[PDB]
Amino acid sequence: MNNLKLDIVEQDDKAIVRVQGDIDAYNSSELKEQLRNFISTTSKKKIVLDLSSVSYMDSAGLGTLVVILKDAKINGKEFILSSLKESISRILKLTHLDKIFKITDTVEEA
């Protein structure tokens, strides 16, 4: 219960958010609406969505990142992701999302 979490930080000039959970319809449901919150709450234009705890990501999870971007552009901000597992990494390049939201290995790319 209450498995999906988000570890938002801004205090070093980058809105880094360690997602804590995997992403199917039990969690993409929630990871979405909380990340749409995050995009509004976060004052840093630079979001680094650190997926270092995600491993599985379903089609509802894919569409969620596409939601998060569109809310970024509403908010006039950047949207970047980080910490790509073999799965997750593939599932960003699988729809060319790696050019849409960039991607980074680490904060040294971000």
# chains A, B, ... in the order shown; residues from 1 in each chain; ligands from 1
$ select_by_dssp --residues "chain A" --states "alpha helix (DSSP H)" --output "ChimeraX atom specification"
/A:28-41,59-74,86-93,97-100
$ write_last_selection --atoms "C-alpha atoms" --output "PDB file, in the first residue's frame"
ATOM      1  CA  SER A  28       1.088   5.462 -13.224  1.00  0.00           C
ATOM      2  CA  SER A  29      -2.389   6.553 -12.056  1.00  0.00           C
ATOM      3  CA  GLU A  30      -0.757   8.344  -9.087  1.00  0.00           C
ATOM      4  CA  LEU A  31       2.786   9.102 -10.314  1.00  0.00           C
ATOM      5  CA  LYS A  32       0.951  11.061 -13.022  1.00  0.00           C
ATOM      6  CA  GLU A  33      -1.212  13.333 -10.891  1.00  0.00           C
ATOM      7  CA  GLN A  34       1.576  13.924  -8.341  1.00  0.00           C
ATOM      8  CA  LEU A  35       4.097  14.675 -11.081  1.00  0.00           C
ATOM      9  CA  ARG A  36       1.533  17.104 -12.580  1.00  0.00           C
ATOM     10  CA  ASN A  37       1.438  18.644  -9.059  1.00  0.00           C
ATOM     11  CA  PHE A  38       5.286  18.652  -8.943  1.00  0.00           C
ATOM     12  CA  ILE A  39       5.572  20.531 -12.251  1.00  0.00           C
ATOM     13  CA  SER A  40       3.461  23.367 -10.721  1.00  0.00           C
ATOM     14  CA  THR A  41       5.002  23.339  -7.192  1.00  0.00           C
ATOM     15  CA  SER A  59       1.986   2.102 -21.703  1.00  0.00           C
ATOM     16  CA  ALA A  60       0.098   4.095 -19.037  1.00  0.00           C
ATOM     17  CA  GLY A  61       3.545   5.024 -17.636  1.00  0.00           C
ATOM     18  CA  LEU A  62       4.844   6.040 -21.084  1.00  0.00           C
ATOM     19  CA  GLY A  63       1.854   8.333 -21.684  1.00  0.00           C
ATOM     20  CA  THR A  64       2.387   9.745 -18.177  1.00  0.00           C
ATOM     21  CA  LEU A  65       5.821  11.177 -19.151  1.00  0.00           C
ATOM     22  CA  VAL A  66       4.131  12.686 -22.211  1.00  0.00           C
ATOM     23  CA  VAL A  67       1.576  14.276 -19.763  1.00  0.00           C
ATOM     24  CA  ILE A  68       4.415  15.587 -17.526  1.00  0.00           C
ATOM     25  CA  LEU A  69       6.136  17.280 -20.532  1.00  0.00           C
ATOM     26  CA  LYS A  70       2.990  19.030 -21.709  1.00  0.00           C
ATOM     27  CA  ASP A  71       2.483  20.379 -18.141  1.00  0.00           C
ATOM     28  CA  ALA A  72       6.173  21.535 -18.197  1.00  0.00           C
ATOM     29  CA  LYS A  73       5.519  23.550 -21.351  1.00  0.00           C
ATOM     30  CA  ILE A  74       2.329  25.007 -19.774  1.00  0.00           C
ATOM     31  CA  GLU A  86      17.989  -1.272 -19.297  1.00  0.00           C
ATOM     32  CA  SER A  87      14.159  -1.516 -19.451  1.00  0.00           C
ATOM     33  CA  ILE A  88      13.250   2.142 -18.793  1.00  0.00           C
ATOM     34  CA  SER A  89      16.083   3.429 -21.034  1.00  0.00           C
ATOM     35  CA  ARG A  90      14.838   1.284 -23.964  1.00  0.00           C
ATOM     36  CA  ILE A  91      11.259   2.452 -23.205  1.00  0.00           C
ATOM     37  CA  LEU A  92      12.345   6.050 -23.802  1.00  0.00           C
ATOM     38  CA  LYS A  93      14.178   5.402 -27.069  1.00  0.00           C
ATOM     39  CA  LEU A  97      11.074  10.239 -26.215  1.00  0.00           C
ATOM     40  CA  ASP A  98      14.839  10.698 -25.524  1.00  0.00           C
ATOM     41  CA  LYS A  99      14.741  13.662 -27.967  1.00  0.00           C
ATOM     42  CA  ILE A 100      11.440  15.002 -26.525  1.00  0.00           C
TER      43      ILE A 100
END
$ residues_around --residues "residue 45 of chain A" --least-positions-apart "6" --cutoff "8 Å" --atoms "only C-alpha atoms" --output "PyMOL selection string"
chain A and resi 14-15+76-78
$ write_last_selection --atoms "N, CA, C and O atoms" --output "PDB file, in the first residue's frame"
ATOM      1  N   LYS A  14      18.384  22.515  -9.058  1.00  0.00           N
ATOM      2  CA  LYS A  14      17.851  21.529  -9.994  1.00  0.00           C
ATOM      3  C   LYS A  14      16.720  20.775  -9.290  1.00  0.00           C
ATOM      4  O   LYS A  14      16.912  20.260  -8.197  1.00  0.00           O
ATOM      5  N   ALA A  15      15.532  20.719  -9.880  1.00  0.00           N
ATOM      6  CA  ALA A  15      14.382  20.001  -9.351  1.00  0.00           C
ATOM      7  C   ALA A  15      14.549  18.511  -9.662  1.00  0.00           C
ATOM      8  O   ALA A  15      14.015  17.993 -10.642  1.00  0.00           O
ATOM      9  N   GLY A  76       6.084  26.752 -18.618  1.00  0.00           N
ATOM     10  CA  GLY A  76       7.191  27.420 -19.270  1.00  0.00           C
ATOM     11  C   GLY A  76       8.530  26.899 -18.778  1.00  0.00           C
ATOM     12  O   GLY A  76       9.437  27.712 -18.563  1.00  0.00           O
ATOM     13  N   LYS A  77       8.665  25.579 -18.578  1.00  0.00           N
ATOM     14  CA  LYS A  77       9.875  24.998 -17.998  1.00  0.00           C
ATOM     15  C   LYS A  77      10.430  23.867 -18.842  1.00  0.00           C
ATOM     16  O   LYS A  77       9.840  23.452 -19.844  1.00  0.00           O
ATOM     17  N   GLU A  78      11.616  23.417 -18.467  1.00  0.00           N
ATOM     18  CA  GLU A  78      12.306  22.320 -19.119  1.00  0.00           C
ATOM     19  C   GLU A  78      11.722  21.021 -18.561  1.00  0.00           C
ATOM     20  O   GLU A  78      11.092  21.013 -17.499  1.00  0.00           O
TER      21      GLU A  78
END
$ closest_residue --among "A:48, A:57, A:84, A:103" --to "residue 13 of chain A" --atoms "only C-alpha atoms"
A:48
$ atom_distance --atom1 "atom CA of residue 83 of chain A" --atom2 "atom CA of residue 1 of chain A"
24.7 Å
$ select_by_dssp --residues "segment 15-77 of chain A" --states "strand (DSSP E or B)" --output "PyMOL selection string"
chain A and resi 15-20+23+47-50+57
$ write_last_selection --atoms "C-alpha atoms" --output "CSV table (one decimal), in the first residue's frame"
chain,number,residue,atom,x,y,z
A,15,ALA,CA,14.4,20.0,-9.4
A,16,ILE,CA,15.7,16.4,-9.0
A,17,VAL,CA,12.9,13.9,-8.1
A,18,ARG,CA,13.8,10.3,-7.4
A,19,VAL,CA,10.7,8.3,-8.3
A,20,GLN,CA,10.4,5.4,-5.8
A,23,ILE,CA,4.9,1.9,-13.1
A,47,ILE,CA,13.4,19.1,-13.7
A,48,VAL,CA,15.5,15.9,-13.6
A,49,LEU,CA,13.1,13.0,-13.2
A,50,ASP,CA,15.5,10.4,-11.7
A,57,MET,CA,7.0,0.9,-17.2
$ residues_around --residues "residue 102 of chain A" --least-positions-apart "6" --cutoff "10 Å" --atoms "only C-alpha atoms" --output "CSV table (one decimal) with N, CA and C atoms, in the first residue's frame"
chain,number,residue,atom,x,y,z
A,48,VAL,N,14.7,17.1,-13.3
A,48,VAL,CA,15.5,15.9,-13.6
A,48,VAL,C,14.8,14.8,-12.9
A,78,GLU,N,11.6,23.4,-18.5
A,78,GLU,CA,12.3,22.3,-19.1
A,78,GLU,C,11.7,21.0,-18.6
A,79,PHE,N,12.0,19.9,-19.2
A,79,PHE,CA,11.7,18.6,-18.7
A,79,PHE,C,12.7,17.6,-19.1
A,80,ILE,N,13.4,17.0,-18.2
A,80,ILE,CA,14.5,16.1,-18.4
A,80,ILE,C,14.3,14.9,-17.5
A,81,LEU,N,14.8,13.7,-18.0
A,81,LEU,CA,14.8,12.5,-17.2
A,81,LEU,C,16.2,12.0,-17.0
A,82,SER,N,16.4,11.0,-16.0
A,82,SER,CA,17.6,10.6,-15.5
A,82,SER,C,17.5,9.1,-15.1
A,92,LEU,N,12.3,4.6,-23.5
A,92,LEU,CA,12.3,6.0,-23.8
A,92,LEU,C,12.8,6.2,-25.3
A,96,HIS,N,11.3,7.5,-29.4
A,96,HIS,CA,12.1,8.6,-29.6
A,96,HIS,C,11.9,9.7,-28.5
A,109,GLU,N,25.1,15.0,-16.8
A,109,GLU,CA,24.5,15.3,-18.1
A,109,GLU,C,23.3,16.3,-18.0
A,110,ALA,N,22.8,16.6,-16.8
A,110,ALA,CA,21.5,17.1,-16.6
A,110,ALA,C,21.4,18.6,-16.5
$ closest_residue --among "A:107, A:42, A:22, A:27" --to "residue 8 of chain A" --atoms "only C-alpha atoms"
A:42
$ closest_residue --among "A:46, A:56, A:3, A:11" --to "residue 24 of chain A" --atoms "only C-alpha atoms"
A:56
$ atom_distance --atom1 "atom CA of residue 21 of chain A" --atom2 "atom CA of residue 51 of chain A"
8.9 Å
